[PDB]
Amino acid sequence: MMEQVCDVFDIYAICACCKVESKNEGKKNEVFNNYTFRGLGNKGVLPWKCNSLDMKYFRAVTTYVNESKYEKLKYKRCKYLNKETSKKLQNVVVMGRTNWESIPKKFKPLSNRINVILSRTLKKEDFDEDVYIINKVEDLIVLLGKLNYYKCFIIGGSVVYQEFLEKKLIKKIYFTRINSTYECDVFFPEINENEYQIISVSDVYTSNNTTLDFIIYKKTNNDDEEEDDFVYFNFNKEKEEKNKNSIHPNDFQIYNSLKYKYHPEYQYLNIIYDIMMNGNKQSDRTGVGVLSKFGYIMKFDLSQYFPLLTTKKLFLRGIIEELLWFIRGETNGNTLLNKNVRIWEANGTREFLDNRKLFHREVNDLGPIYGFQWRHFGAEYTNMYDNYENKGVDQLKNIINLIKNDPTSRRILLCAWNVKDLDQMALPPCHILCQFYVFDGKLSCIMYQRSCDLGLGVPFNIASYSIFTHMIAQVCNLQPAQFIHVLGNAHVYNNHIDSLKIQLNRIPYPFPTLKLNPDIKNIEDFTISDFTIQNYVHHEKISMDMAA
């Protein structure tokens, strides 16, 4: 409706923001929000000196025009200033003198753009380079009114942002989240949850030893016969989504208001959306009640990020201890309970072993599960205390030796589904197999999962099998490529829906990175201390069962 100057003159802002090096007062119990990324500068330069990929983005966003689109904009513009009217078409960039003087010399003036400097102290006079000056903010709307520009971009710094934001002159913010912590003296202003709303989250990337992503904030309110062919080919599609009334999508205003959902966490989130909306109502094993669907695939680029969900808090100590426990060959539930890892406690009780008909199994003797099948597949299992040295097939050695000696084998599979020993296990494995693939000094891993609890379980599963990939890759002197997660029976407990709905409306943060201690070169030689998650920025912990 009507039109503010921001809409009319197509004036956007572009920035790139750090986390700040505060003296945290014995509180690794840290809360994170949109204001977490503000850091703009330090001693008159960027706090990270150079981020090569952001520098690529910033250029491509400021140096892009479509001539085609210009016609419409020249109308709506000229008709409003009430004055109705070869080089090339170009974008404007607006910068504070301080920012101008903090840009290196080689970049000045910014190629194929219309460089403008807001300054009161200096004037066209003082600048030995091809520019325009101005000494107030109203003076820019004027320079815009006259010139041949496709879009105008506010490229900082803080002072210039704060005032342009105050008088709501900016239509969108193209905002780079640099997901590391540096020293900062200057800061981006507290963006107003009311006035501006994220509408788009890019992919996550690694550049110069840090992950980063690109989001878009939007200002608040208040062939054609080939398109018909689409409608005809969609003629048999059911009228509305099956559990529409049942889940009520109008609740996910934010999830649905996003245009571009290119953050990899959306791979998980969209499966949760898909199941809630089109999932089959099933009720048994307990009468507990699930929405279920069959056969999904998620791919994470471990070279660019560690995919630890950011739409809730996750803890990995337990997940890692469990991984190290499989690797040692162990089936002894006590080892994990002494480290207060209680993943397997429920499946070791006398009651649970008795329902599972294992009347002759010691409590917490989980039987021939992951660890035993990894290092001794085929061996007759006895009890958790037996050393099975040299008995059965050590698949874990075998697949590590296949990667090193025969990277191009298509038989690098690690299988926990021993059909002979299923009934002897406390619980047959949810995680059926990993298969590996080596290209050009790079390791990908497929994990097939028969049964996927999506609100409690798969989030941990992603992390486990991502960590395991790294461990394998390092041990075989390879770079990790993709973790590919194949979901079989994929289900949401009805108990989880209220919490997953809260979750779906949270905008993921840039993912963290995993640092393995590089000295560890045998799969058996990892210690809990060898693992570090770095720069994990996350929303509040969610109880998935909202019970009390």
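In this text, residue numbers run from 1 along the sequence as written.
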Unresolved deposited positions lying between residue 85 and residue 86 come to 4 to 9
Answer with none, 1 to 3, 4 to 9, or 10 or more: how many deposited residues between residue 222 and residue 223 are not present in the coordinates. 10 or more
Given 39-47 and 516-524, the range whose Cα B-factors average higher in the PDB entry: 39-47
Mean B factor on CA atoms, stretches 289-297 and 120-128, record says higher is 120-128
Have a look at 313, 263, 376, 146 and flag the one whose Cα has the highest B-factor in the entry. 146
Using only the C-alpha B-factors in the record, can you name which of 330, 453, 139, 228 has the highest? 139
Residue 444's Cα B-factor: lowest, middle or highest third of the chain? lowest
Per the entry's values, where does residue 487 land by CA temperature factor relative to the rest of its chain, in the lowest, middle or highest third? lowest
Among modelled residues of the same chain, the CA temperature factor third for residue 244: highest
Third of the chain's Cα B-factor distribution that residue 26 belongs to, per the entry: highest
Chain thirds by Cα B factor, record data; residue 213 belongs to the middle
